[PDB]
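Right, one structure below, let's go through it.
None of the figures in this text is laboratory data; all of them are computed from the coordinates on show. Backbone-built Cβ (ideal geometry, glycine too); neighbour counts: all protein chains shown.
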Amino acid sequence: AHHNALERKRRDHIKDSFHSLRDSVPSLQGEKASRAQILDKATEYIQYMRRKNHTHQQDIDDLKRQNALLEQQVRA
Amino acid sequence: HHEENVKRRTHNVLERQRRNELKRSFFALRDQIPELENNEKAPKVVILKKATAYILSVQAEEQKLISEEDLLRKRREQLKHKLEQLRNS
Ligand SMILES: [Cl-]
């Protein structure tokens, strides 16, 4: 009995965690998805977001250079 | 009973193939989480929960970067406007 109780809790915690992950992925938010689909779409989303934040940082670095140059032209 | 044996063995192969596909999917997700990358003992529940937390973290990081860039763009417009005022005085 104790062992079956441990096993059902284990399965329920995995179910809960799949739901939470699915609800975190925009491409799945509100849709029907198998476990494989949730995993694969989360993988794609994280990979995309990690690269997207690099793109943002590149733009930030470009802008910081642009503003320093403009400050130098105001000083001159 | 031979039909039940053939059916059982067939389903056993199909279930193994599905488990192996699912494992590859778990490992691909695991490998997007730096703390878990290539950890072959990472449990399913840990991969799932750390993926959700990592998504929240990367989204918060994006918001931080968007805020920084917005302020930099406002500053750029302010500097361009100051330079134009100065050169046209
Ligand atoms: Cl599972």
Of the conditions (1) out of contact with any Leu (no Cβ under 8 Å at 6 or more places or on another chain); (2) closer than 30 Å to A:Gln73 by Cα, the single one that B:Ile33 does not satisfy is (2)
Residue set B:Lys82, B:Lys23, B:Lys50; condition away from the ligand (no atom under 16 Å from the Cβ), among the basic types (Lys, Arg) and either part of a helix (DSSP H, G or I) or in contact (Cβ under 8 Å) with a residue 24 or more places away in the chain (or both); output residue B:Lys82
Matching residues in region A:21-49 (part of a helix (DSSP H, G or I) and exposed (fewer than 15 other Cβ atoms within 10 Å of the Cβ)) number 4
